[PDB]
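Survey of secondary and tertiary structure
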Amino acid sequence: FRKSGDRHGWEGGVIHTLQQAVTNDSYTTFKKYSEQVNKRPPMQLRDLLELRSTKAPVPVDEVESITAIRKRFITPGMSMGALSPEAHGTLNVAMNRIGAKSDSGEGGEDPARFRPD
Amino acid sequence: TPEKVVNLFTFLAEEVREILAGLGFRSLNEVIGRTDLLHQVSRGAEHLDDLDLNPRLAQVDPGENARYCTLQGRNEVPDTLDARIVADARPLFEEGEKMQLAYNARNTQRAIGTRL
């Protein structure tokens, strides 16, 4: 990235906003981050598209729970070599905590981590 | 000594068995509610009271359903979201690991998180 350069996916304000929203644990800051991300010129194909429905708006307290949807996300493979044990271990435990599935990535894993502490 | 209570209850049971035997019937499930087997007598020819227990001796003819508990097992109650909670928290019962869940509640969810 360079100020004289063109657009980019990960800018500076974006990353600072995301990190502060995660640390502070405040959904309003994450909404601000999402607005700051969506309000840029088109960069990818999916941006050219736009949603459209003909139904009626429904109250948000009738759709699936948060966990029923979180059970769908995963984290792709990350190698134990190109990462530090700390980061991959933290990612693994954080994904196993809420029920979603993490990955292993090429490069095996420590067998000593087969049973919980 | 507990044997005292043992023999007490056994003697009471034998007495009621003999009483129902002499009465004529065969089991207790047929005399419950047949309140026409009772009659009122007087205390004596000296008190001259007019006690009438008739406001009890009447009863209502049931019909189809019997006069006792014909339904074994308790009457279950409708379950709240916590049941679905149990279905999600299997690792907490099978391996013992932490869990973090979240839901949208309403004022029609009584006594949440009790079965857990």
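Residues numbered from 1 in each chain as written, not as in the entry; some residues may be left out. Chains lettered and ligands numbered in written order. Part of a larger assembly, values for the part shown. Heavy atoms only, no water.

Structure determination for this PDB entry is given in the record as cryo-EM, at a resolution of 4.1 Å.

Observations regarding the overall build of chain A
For chain A, the count of helices and strands is five helices and zero strands. Scanning chain A from its N terminus toward the C terminus, one meets helices and strands in the order α-α-α-α-α. What you see for chain A is a C-alpha radius of gyration of 19 Å, clearly larger than the 13 Å of a compact globule of 117 residues, by over 25%. Its C-alpha atoms give chain A principal-axis dimensions of roughly 50 × 50 × 30 Å. Sorting the 117 residues of chain A into buried and exposed places 15% on the buried side. A sequence separation of at least 24 residues applies to 53% of the contacts in chain A between residues at least 6 apart. Carbon and sulfur atoms provide 56% of the accessible area of chain A, an area that totals close to 10300 Å². Each charge class in chain A can be summarised by its mean position, and for the 17 positive and 15 negative side chains these summaries are 4 Å apart. (Helix = DSSP H or I, 4+ residues; strand = E, 2+ residues; numbered from the N terminus. Rg over C-alpha atoms; globule rule 2.2 N^0.38 Å. Buried < 20%, exposed > 50% of the residue type's maximum accessible area, 1.4 Å probe, protein only. Contact = heavy atoms within 4.5 Å. Areas by Shrake-Rupley, 256 points an atom, 1.4 Å probe, with all protein chains shown as cover. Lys, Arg positive; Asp, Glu negative; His and termini not counted. Charge placed at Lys NZ, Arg CZ, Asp CG, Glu CD.)

Concerning unusual backbone geometry
Residues and elements named next belong to chain B. In this structure, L48 takes a positive phi of about 60° despite not being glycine. Mapped onto the elements of the fold, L48 is located in the loop between α1 (2–23) and α2 (54–57). By relative accessible area, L48 is classed as exposed at 73%. One non-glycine residue, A111, lies in the positive phi region at around 55°. Here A111 lies in the segment after α4 (91–94).

Notes on the interface of chain A and chain B
In this assembly, nine residues from chain A lie in contact with nine residues from chain B. Across the chain A/chain B interface, buried area totals approximately 970 Å², and carbon plus sulfur atoms make up 46% of it. Together, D61, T67 and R97 of chain A form the three largest contributors to the area buried by chain A at its contact with chain B, with a combined 44%. Along the contact surface separating chain A from chain B lie zero salt bridges. One can count three residue pairs in polar contact joining chain A with chain B. Sorting the residues of the side of chain A that touches chain B by element identifies α4 (66–70) and α5 (85–98) of chain A as the ones contributing at least two each. The residue makeup of the side of chain A that touches chain B, split by class, is two nonpolar, three polar and four charged. (Buried area = accessible area lost by both parts, 1.4 Å probe. Salt bridge = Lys/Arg side-chain N within 4 Å of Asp/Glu carboxyl O. Polar contact = N/O pair within 3.5 Å; in protein donor to acceptor, adjacent residues only side chain to side chain. Nonpolar A, V, L, I, M, F, W, Y, C, P; charged D, E, K, R; others polar.)

Looking at helix α1 (residues 12–24) of chain A
Residue and element names in this part refer to chain A. Spanning 13 residues, α1 covers 18 Å between terminal C-alpha atoms, matching the ideal 18 Å at 1.5 Å per step. Every buried residue of α1 is listed here: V14, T17 and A21. The buried residues of α1 all sit within an arc of 70° when viewed along its axis, so they share a single face. Away from its buried face, by an angle of more than 90 degrees, α1 presents the exposed residues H16, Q19, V22 and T23. Residues of α1 that are buried sit in contact with α2 (27–38). Looking one or two residues past α1, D25 carries a phi angle of roughly 60°, positive in sign. (Expected span 1.5 Å × (residues − 1). Arc of directions from axis to C-beta.)

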